[PDB]
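Asker: Just dropping in an experimental structure and the matching sequence.
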Amino acid sequence: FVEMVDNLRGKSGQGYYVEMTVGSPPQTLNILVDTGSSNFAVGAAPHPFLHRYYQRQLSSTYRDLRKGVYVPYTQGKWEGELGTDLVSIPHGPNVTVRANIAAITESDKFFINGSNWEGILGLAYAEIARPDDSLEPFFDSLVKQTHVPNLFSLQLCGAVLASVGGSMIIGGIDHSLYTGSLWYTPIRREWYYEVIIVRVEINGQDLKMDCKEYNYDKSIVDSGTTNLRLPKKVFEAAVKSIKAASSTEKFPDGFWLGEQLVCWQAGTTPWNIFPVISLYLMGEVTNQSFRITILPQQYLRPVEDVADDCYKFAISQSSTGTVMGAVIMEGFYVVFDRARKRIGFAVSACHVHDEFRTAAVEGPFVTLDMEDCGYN
Ligand SMILES: C[C@@]1(c2cccc(NC(=O)c3ccc(Cl)cn3)c2)COCC(N)=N1
Ligand SMILES: [Cl-]
């Protein structure tokens, strides 16, 4: 799968996007890769902050589905008109598919002011598709209409704003993108890419919480979220343990909550004074787990737009459960193995790390009562 390697691009804090083509003749658009949603939604109107947009009138193969959608979020929101059209991926498999498309006609706090993408490729399952599960997601259509195997994998690499890159391998796994072995965790339910975190460790030390807390109300793997988001009780326990672990220098209480930055002298970044973070995921076999481990390079993010100088704490509290965002996924090569209801983790060949430590995917470990860690 050499032709799909390095097919993702982006800027720091603005997500990873892939080039796609929509309509006949083909209109080129840059589309955010999003494992935490399920709509293929593109800007269909001349928003002043978008570079490009989908012009339905120019497409001979566009079919109107005569149905609106209104999708609000915690802050942002979009509205659009449903349809279908012929979609392709230039740096993907040599195929063309009839996919559902939400033509976004109005939005607020959805598009990023001066990013280089014009839509979202929701890669999750139909259950969370707006307006309902009858709207077939893009990847479900691709698999049905072609011989592309029912899996994809993401290598998100990370860094005025720094220019990031990566790979979305569609229909397979590229072994040059990871070191060591892939370790697999079951997809608990096919809606989001839901998983079960069974144990958390900060600097080798267990938080010793009831493992329902770790997955309350769920844990997901989400390429469309920056932070490692943790449930409130888990976040407090984690921050307290990170604080005790990093007692070289002291910071204000606003830094841990993401209410302010922290800054050092230029080119004197203290990585060594912060701990590694380990999440134990449920394994393939009864009573078996494995642990993925991230470095401070993943969760202390350099912020480039100040007016490496300054940094932000990219672990935050959530009321929507755990979200294993870019902070997690920049450490690992992630295989979304839909055909076998599982998600693979391996150490990524492009993850940022120092001379002393690296990210890791280690196992197997014996953990009891792992199914009790799920929330219902
Ligand atoms: C649909 C939705 C969504 C809407 C609009 C934008 C974005 N995502 C980004 O802007 C972004 C930024 C940085 C990085 Cl590393 C990744 N993604 C996500 C809702 O919110 C969470 C989610 N999973 N998907
Ligand atoms: Cl028209």
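Answerer: Done, it's in. Numbering: from 1, shown residues only. Ligands and ions are numbered 1, 2, ... in the order given.
Asker: just to confirm, which helix or strand has residue 37 in it?
Answerer: Using DSSP states H and E, residue 37 maps to neither a helix nor a strand.
Asker: ok, now which ones touch it?
Answerer: By C-beta atoms under 8 Å, 6 or more residues apart in numbering, the residues touching residue 37 are 120, 122, 123, 124, 128, 224. All C-beta atoms are positioned from the backbone trio N, CA, C, and that covers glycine.
Asker: For ligand 1, see how far away it is.
Answerer: Per C-beta to the nearest ligand atom, to the nearest Å, residue 37 is found 4 Å from ligand 1.
Asker: Tell me the buried residues in stretch 205-216?
Answerer: Buried residues in stretch 205-216, counted by 16 or more other C-beta atoms under 10 Å: 207, 211, 213, 214, 215, 216.
Asker: which one among the contacts of residue 37 gets closest to residue 185?
Answerer: residue 124 (15.9 Å; C-beta to C-beta).
Asker: Residue 269: neighbour count?
Answerer: Per other C-beta atoms under 10 Å, the neighbour tally for residue 269 reads 16.
Asker: Nearest residue to it in space, please, no chain neighbours.
Answerer: Nearest residue to residue 269, sequence neighbours excluded (C-beta to C-beta, 6 or more residues apart in numbering): residue 308, at 6.1 Å.
Asker: now residue 25
Answerer: That would be residue 58: by C-beta to C-beta, 6+ apart, it lies 7.4 Å from residue 25.
Asker: ditto for residue 324
Answerer: Closest residue in space to residue 324, ignoring its immediate chain neighbours: residue 221 at 4.8 Å, by C-beta to C-beta, 6+ apart.
Asker: again with residue 73
Answerer: With C-beta to C-beta, 6+ apart, the residue lying closest to residue 73 is residue 110, at 7.7 Å.
Asker: tell me which parts of the stretch 251-376 of the chain are close to ligand 1?
Answerer: Counting by C-beta under 6 Å from any ligand atom, the residues of the stretch 251-376 of the chain close to ligand 1 are residue 326.
Asker: Run through the residues that contact the residue of the stretch 251-376 of the chain found nearest ligand 1.
Answerer: In the stretch 251-376 of the chain, the residue that lies nearest ligand 1 is residue 326 (3.5 Å; C-beta to the nearest ligand atom). Contact analysis of residue 326 by C-beta under 8 Å, 6+ apart lists 15, 16, 156, 158, 223, 225, 226, 227.
Asker: Sweet, I'm off.
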